[PDB]
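> here is the input, now give the coordinates:
(chains A and B)
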Amino acid sequence: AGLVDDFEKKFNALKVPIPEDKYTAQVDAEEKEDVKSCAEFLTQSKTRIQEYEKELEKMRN
Amino acid sequence: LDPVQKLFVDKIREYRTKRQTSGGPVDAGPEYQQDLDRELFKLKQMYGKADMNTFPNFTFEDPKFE
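Residues are numbered from 1 along each chain as shown, chains lettered A, B, ... in the order given. Please see the structure below:
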């Protein structure tokens, strides 16, 4: 019963961590890849779909 | 003895002697001890070898997000 008491005040104190980050750089890559997928390609696509659709208002002639 | 409790006495005072030896009751002797030594060791084989009288402590880590 006295080997036991060591392992109480040890186990009751001895607490486990959760594992850490090492790759949330995927969220910075995701913000950069949304600037690419949204803004960069979105506004460039809105002038290119308009390049055709403005030629479709010219094709109405 | 068969005022039957005297056969308990018959045993019992030889418990009284044995427990009122050391280790509590001994006379089991070294031959018992080699037997012990194996199974007590053999226990450790199943069971690991360290803090069986202290607290084991542990560690926490990661490889990669594969």
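
> which residue sits farthest out from the middle of chain B?
Distance to the chain centre peaks in chain B at residue B:66, reaching 47.1 Å (criterion: Cα atoms, centre = their mean).

> tell me the contacts of that residue?
Going by Cβ atoms under 8 Å, 6 or more residues apart in numbering or on different chains, residue B:66 touches no other residue. For the C-beta atoms, the positions are set from N, CA and C on the backbone; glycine is no exception.

> try residue A:11
Contacts of residue A:11 by Cβ under 8 Å, 6+ apart are residue B:55.

> let me know the helix or strand that the spatially most central residue of chain A is in.
The centroid of chain A falls nearest to residue A:27 when counting by Cα atoms, centre = their mean (3.3 Å). Assigned by DSSP states H and E, residue A:27 falls within helix A:25-35.

> tell me what angle the helix or strand following that helix forms with helix A:25-35.
Under the assignment DSSP H and E, the closest C-terminal helix or strand after helix A:25-35 is helix A:41-59. Between the axes of helix A:41-59 and helix A:25-35, defined by axes from the mean of the first three to the mean of the last three Cα atoms, to 10 degrees, the angle is 20 degrees.
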